[PDB]
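Enquirer: Kindly generate the corresponding structure for this input.
(chains A and B)
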There are 2 protein chains.
Amino acid sequence: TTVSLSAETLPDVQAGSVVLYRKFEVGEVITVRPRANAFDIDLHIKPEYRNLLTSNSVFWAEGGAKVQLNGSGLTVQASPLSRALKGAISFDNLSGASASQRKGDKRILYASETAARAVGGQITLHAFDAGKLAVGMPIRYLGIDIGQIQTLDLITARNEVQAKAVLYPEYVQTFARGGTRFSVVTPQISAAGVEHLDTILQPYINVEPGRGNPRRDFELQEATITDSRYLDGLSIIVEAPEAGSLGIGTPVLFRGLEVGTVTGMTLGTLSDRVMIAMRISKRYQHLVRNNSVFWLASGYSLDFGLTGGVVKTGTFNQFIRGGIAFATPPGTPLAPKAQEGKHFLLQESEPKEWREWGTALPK
Amino acid sequence: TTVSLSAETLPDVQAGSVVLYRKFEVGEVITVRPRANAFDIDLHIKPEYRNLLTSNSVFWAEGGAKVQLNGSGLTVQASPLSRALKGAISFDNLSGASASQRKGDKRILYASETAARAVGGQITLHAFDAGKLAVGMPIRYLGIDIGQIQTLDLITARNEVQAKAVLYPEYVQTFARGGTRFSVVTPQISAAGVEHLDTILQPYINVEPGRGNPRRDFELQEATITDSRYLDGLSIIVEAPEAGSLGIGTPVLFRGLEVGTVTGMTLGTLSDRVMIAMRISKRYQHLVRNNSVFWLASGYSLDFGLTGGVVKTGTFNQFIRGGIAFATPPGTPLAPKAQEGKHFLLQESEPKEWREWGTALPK
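Expert: Numbering: from 1, shown residues only, chains lettered A, B, ... in the order given. Take a look:
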């Protein structure tokens, strides 16, 4: 016996199994020494490698012939029978696993490789409905996998679901800094068209980063659409009497070109006006001014003629998601740029002069 | 022979098979001693572990090479040939299985692990149509698996299907308390858009908890939509001359913001008015008052113009699901909050002044 182990549950571990290292075989498991409360596992490694063995090492266990799918994959490694018959143990060093050996007496055998990387990077979410969440669900940023949900805990004292997820140690300091918005993505089949196609197969969690204190306690927000494409933009609040056909994902239009989208919809402080939160992209941030009137351009408007009736149908997005359109009135002194927070007043009718304005906006 | 067993049916059990413990091998099956009415099974376990063996232990049997799907899984454990050739027996302790040994002479070998957890947590449902139910169908609360249907019994004396399901021993006391609404979920493809996408693959049973006496005899209600998202809300009843385009899932609108949904539709006590049951969310509970007139806002309404016609088309939800909208008339003494049960009278026309009301509702 060269290095011992401890664990609470031993589903896979079988005596006589082979010790792996980077999916390569060195060492041997010899003894499962049982206890009533917490079982003990003993390992043999060679006398040269135990000098190479570091106190910053973690041991993770896996067992059985695993065919992994992982999209379009089936391959099984060059494997001995000792994994095929008995539950194996692999190991590797990492940087900051010294704290797991400072606490307790001996090392712990993690149930898989995922729980072996769950030191320091483990965060906790709070969701009202775990109908979209799943164990093994990846947390993605810009479509790059930076984390994974590993468990789901239901609480009936406070009726909500605590999902504890992990982050990889490169991104544990960059993310989880407070003001971080975790949001699931999901397919939508409704009056609003769908943009997410892969989420029918495998849903993930989009994330917005933030800056501040390392909180590591988060709330899962609703399924948001604006956050993924239109980011780090100029946030504009517009007040309206009605909602109308507006919604999350409704485009903001300038001469028919989509310059931004609506982030969210909320009642006002006093319940007389709804506020519609939108973001304009950085390339189009300079377009809005302090004198930039909005108007609701939602759905089809056509004029009847008595002698003869001229009609036109664009089949545009504002039928499905009724957009807000704007233009700047002409002024030879130009009003300054819009601030990070500014309240606009929506006009109910489209002002007729908007074709003939022609306000020069440079850069 | 150290511990004996009894069972009625013996599909999997083969003499010579290995005894498992937390998917780890200790002990050995030795003898299948047959009888005409109820067969007897005999087990060998080691003299140290039989002292460790507790009267609160259950034995469950499983047999054969099971490649399980479980979503995206196929993994087969590190297994001996003794399971691969012969039907094995595993065991574990639990808290309250002493009652199974109080009754009868000896322990019973359950047919699988699921029936071994079916002590005390076994409830009974009564459904009119088992077209949606299935054996092995999970019962979920907030998307957390808290139970499983294990059998289906047709009765032709009373034409209905008794489905007997189990609950895990943590949630047997928190749930099954009377006033508990079990409802299946199912995909819908109709005039109303679908919100449930996973139910095409695997349907489950949503459940609302209640408080009272431990009934453990329940009625399976119809497929409800309002219950999952809008819960613990202010229940409001509105009376209308006709149904119209109303239905379960119809949104309640305040300045076009969805504040709540319709729970169900029911004929009145006297058949002159239908009552439309709605719930308002807790965050929006304070919006309604004792003077809050409703109106039916369903489908597309447009005005014709003779010289020229102005038209607008939202393609909003209320064409698909015709919503009820409200606003509060101005009063310098404010009427109190709506009670847990209060009957409103629906107005057929949209009252024109509603934009110019501007009633200040605090908090």
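
Enquirer: Run through the residues that contact the residue positioned nearest the centre of chain A.
Expert: Nearest to the mean C-alpha position of chain A, counting by Cα atoms, centre = their mean, stands residue A:206 at 1.9 Å. Residue A:206 makes contact with A:140-141, A:183-185, A:224, A:227-228 under the criterion Cβ atoms under 8 Å, 6 or more residues apart in numbering or on different chains. (Each C-beta comes from the backbone N, C-alpha and C, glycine too.)

Enquirer: Export these as JSON lines, with columns for secondary structure.
Expert: As requested, those are exported to JSON lines (DSSP: H, G, I helix; E, B strand; the rest coil):
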{"residue": "A:140", "secondary structure": "strand"}
{"residue": "A:141", "secondary structure": "strand"}
{"residue": "A:183", "secondary structure": "strand"}
{"residue": "A:184", "secondary structure": "strand"}
{"residue": "A:185", "secondary structure": "coil"}
{"residue": "A:224", "secondary structure": "coil"}
{"residue": "A:227", "secondary structure": "helix"}
{"residue": "A:228", "secondary structure": "helix"}
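
Enquirer: and these as TSV, adding distance to chain B and neighbour count?
Expert: Below are these laid out as TSV (distance: Cβ to the nearest Cβ, whole Å; neighbours: other Cβ atoms under 10 Å in any protein chain shown):
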residue	distance to chain B	neighbour count
A:140	17	15
A:141	22	17
A:183	17	17
A:184	11	23
A:185	13	20
A:224	16	17
A:227	20	20
A:228	19	15
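
Enquirer: returning to that earlier point: could you give the bridge partners of the residue nearest to the centre of chain A?
Expert: Counting by DSSP bridges, residue A:206 is bridged to residue A:140, residue A:183.

Enquirer: And the residue of chain A that's closest to chain B?
Expert: Taking Cβ to the nearest Cβ, chain B has its nearest neighbour within chain A at residue A:243, 2.6 Å off.

Enquirer: so how far is residue B:293 from the residue of chain A positioned farthest from its centre?
Expert: Among the residues of chain A, the one whose C-alpha is farthest from the average of all C-alpha positions is residue A:307, by Cα atoms, centre = their mean at 57.6 Å. If you measure residue A:307 against residue B:293 using Cβ to Cβ, to the nearest Å, the figure is 43 Å.

Enquirer: Now the residue lying closest to residue A:159 once chain neighbours are set aside: phi and psi?
Expert: Using Cβ to Cβ, 6 or more residues apart in numbering or on different chains and skipping residues adjacent in sequence, the residue nearest residue A:159 is residue B:142, 7.3 Å away. Here is the backbone geometry of residue B:142 (degrees, to the nearest 10): phi 50, psi 40.

Enquirer: for the one 5 residues further on, same thing?
Expert: Note on residue B:147: its backbone torsions stand at phi 180, psi -180 [degrees, to the nearest 10].

Enquirer: Next, the contact list for the closest residue to it other than its chain neighbours, please.
Expert: Once its chain neighbours are removed from consideration, residue B:147 has its nearest residue in residue B:139; the separation is 3.4 Å (Cβ to Cβ, 6+ apart). Contacts were defined as Cβ under 8 Å, 6+ apart; by that measure residue B:139 touches B:145-149, B:165, B:167, B:182, B:204-205, B:207.

Enquirer: And residue A:140, by the same measure?
Expert: The contact partners of residue A:140, by Cβ under 8 Å, 6+ apart, come to A:146, A:204-207.
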